[PDB]
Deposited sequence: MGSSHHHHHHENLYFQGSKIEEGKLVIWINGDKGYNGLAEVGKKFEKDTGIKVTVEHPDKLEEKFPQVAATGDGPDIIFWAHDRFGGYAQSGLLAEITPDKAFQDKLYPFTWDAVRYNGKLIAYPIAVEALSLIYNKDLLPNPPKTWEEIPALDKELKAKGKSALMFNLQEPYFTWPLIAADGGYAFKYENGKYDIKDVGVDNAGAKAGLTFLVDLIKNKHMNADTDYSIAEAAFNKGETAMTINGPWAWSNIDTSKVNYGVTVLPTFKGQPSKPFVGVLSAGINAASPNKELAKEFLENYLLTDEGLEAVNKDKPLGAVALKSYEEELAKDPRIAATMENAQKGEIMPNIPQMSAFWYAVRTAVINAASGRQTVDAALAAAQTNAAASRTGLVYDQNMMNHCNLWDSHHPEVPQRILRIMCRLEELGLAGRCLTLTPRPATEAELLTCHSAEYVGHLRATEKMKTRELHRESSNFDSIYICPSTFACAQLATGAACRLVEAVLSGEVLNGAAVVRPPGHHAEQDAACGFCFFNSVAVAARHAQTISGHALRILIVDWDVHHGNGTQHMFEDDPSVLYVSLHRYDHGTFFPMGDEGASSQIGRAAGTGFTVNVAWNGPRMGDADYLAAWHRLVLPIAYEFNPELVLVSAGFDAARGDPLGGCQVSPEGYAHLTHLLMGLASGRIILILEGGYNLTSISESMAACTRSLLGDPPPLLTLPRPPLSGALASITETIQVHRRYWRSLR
């Protein structure tokens, strides 16, 4: 930490060549330089940098660096004017933010039309030729064009062709409120891309690895990639040329030009050493050549070595595309921009969403991603007719919303309008028999309802009970549709009655329709395949209904922490035991952390999060996160006997946001202390809105730690993150 020097750089670059520079630096001064390449490190770095941890030196394109600087995660760079002249002036401007410098420039990288020179000696200079050109090749069992579709960076040069742009630039300023994502040029651009996939030319499944292996095996005429790719293309038995990007509507393609940059972490005590390595060991003709021999950097920022590299007709072709395109903005809103376009492209190019709809949703979130709120006051109609002392009261959801408005959190959200669940939605998790039974209760009276209520375990029914349960589930499904279509990033569904106890053909524990489960299955239908879903049930009671509903499903990872009391705590079974790991092909996808005894608190739940939940969750890698967010495990709750603070819930929430690219949906379950649940829900909503987690306090209970490790033992043979 003070005697070392660790550096991060993306896996597509030449990290091995950088290690060699770290070896010729370790030998010179004695300091060991370790270079690792984490996945999704542009997301990983701002996580650790905030909480003091992280690498000494960060490597990435300049577009992300302004976000890091706005959070004060980067150290200010102070090079003398002598070294300043050593690079091109336009590269320094890319890493200049709010006056200060915040990174060392390394190389300029722009996309190019790499193409096979054998199967296709003449590269089409227009995008419009490609479908016809694919016809002539698809007969010979060969494709025409394949490139990465899972990242918006690769399809952007086509979107920007006819007039699409991110944020408008005038003078020195970027107008956050001026976005050209849903304008004609951008729409015409993506429309043409989707049509390629519409007509069986390109496949939507195509990613970086698939597309590279296709071109390298000589079964794809053209591809789109950066200088870094060239190295792998050489070893390949493929003769390749690099030229200008094809035109769209007679317009030159405009790729988003990026600059490979190196920043110093603010928490690094090794700053001076950081300055020494980057300036006098990396940014030299010798150092830059070491990396470039591994993977081509492109057009480097260093004047001396650039003159040598500029003889390359490929680098010249890289400069041609870069000049026709535009240099990426460094403003801290780029992260929200790239996520919007990523969602829009994936959605539209699949068939789920349309060009008009997808771009319209992205247009609204280029500046910042929104958080959705969904709630209906009519859900208060469901009430107990013979017992006013029952804890599941209509005041539960009102007190929450009323508190969200007091703190002004509700206004900072994008309030979604709910709707009843369609018959199809409910039939995915509940039988038509049980649904009909429950709808029949609508026209019963208090006497008939009493006998009807005694048919189930811990249930009260009133004439409104069907409309409310139908609304709670339908509301959560609306939230699903919102997140999965780029309307929001994450959201909260303040609803009642609860649902995680509801079985397929039976009501139980104040539940009728399992809203979380229906939402899970619903999410998989609108995507059209078995989407990977994570369900975290941090309610103080075990969600027996949810577990049984996905007991054999390996596409839905269900995690639950709850009072067990040796099978005595409600719902009273052994179904919530730690040894219950699901069955069949879903074995290992049912995780039960079972508490023995009361007073489980913050330190207890945080222990489980770091030792079990997060490792398993990350290995599972969900594409959507649903939370049975009951707050009866909270402090001051009359039923749960636990002491989790609102500050604690905020941390648990904020920690789960690193999953599924931040796609989370908190759906309310239990919680019966009006002040405790409204406070906890507010603290959670704060975390969802990007607000920083508060400070905390109180060692882990021993019996809790016993409980935790007890269930990792049973799961250690099904999860490598537990080994």
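Taking the first deposited residue as 1, the stretches without any C-alpha atom are 1-20, 718-719.
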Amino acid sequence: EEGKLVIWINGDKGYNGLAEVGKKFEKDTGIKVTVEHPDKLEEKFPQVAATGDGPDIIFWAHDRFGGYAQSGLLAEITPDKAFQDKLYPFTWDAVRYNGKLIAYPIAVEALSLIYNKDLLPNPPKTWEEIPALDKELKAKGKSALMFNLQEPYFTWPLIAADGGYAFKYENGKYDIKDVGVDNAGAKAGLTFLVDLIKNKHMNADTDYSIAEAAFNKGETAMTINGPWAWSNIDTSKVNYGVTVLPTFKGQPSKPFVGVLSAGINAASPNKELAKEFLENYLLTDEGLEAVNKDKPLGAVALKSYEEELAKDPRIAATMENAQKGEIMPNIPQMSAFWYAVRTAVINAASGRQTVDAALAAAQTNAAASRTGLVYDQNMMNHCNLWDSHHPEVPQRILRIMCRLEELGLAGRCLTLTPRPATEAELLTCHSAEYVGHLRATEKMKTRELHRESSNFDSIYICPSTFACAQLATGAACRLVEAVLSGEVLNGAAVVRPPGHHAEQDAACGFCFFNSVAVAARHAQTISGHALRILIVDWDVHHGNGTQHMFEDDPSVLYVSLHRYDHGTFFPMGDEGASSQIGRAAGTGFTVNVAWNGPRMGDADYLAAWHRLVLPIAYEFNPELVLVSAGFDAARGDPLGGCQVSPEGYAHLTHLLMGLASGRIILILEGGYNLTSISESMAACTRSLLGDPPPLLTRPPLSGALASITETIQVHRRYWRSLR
From here on, numbers count along this sequence of modelled residues.
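When the two stretches 662-670 and 51-59 are set side by side, the higher mean Cα temperature factor goes to 51-59.
Between 403-411 and 81-89, the higher mean Cα B-factor belongs to 81-89. In the deposited coordinates, the residue among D632, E423, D553, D602 with the greatest CA B-factor is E423. Between the residues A475, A213, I533, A362, it is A213 that shows the highest Cα B-factor in the PDB record.
Sort the modelled residues of the chain by CA B factor and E36 lands in the middle third. Among the modelled residues of the chain, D691 sits in the middle third by CA temperature factor in this PDB entry. Split the chain's modelled residues into thirds by C-alpha temperature factor. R342 is in the lowest one. Per-chain ranking of the deposited C-alpha B factor places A469 in the lowest third. Among the modelled residues of its chain, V714 has a C-alpha B-factor that falls in the highest third, as given in the PDB entry.
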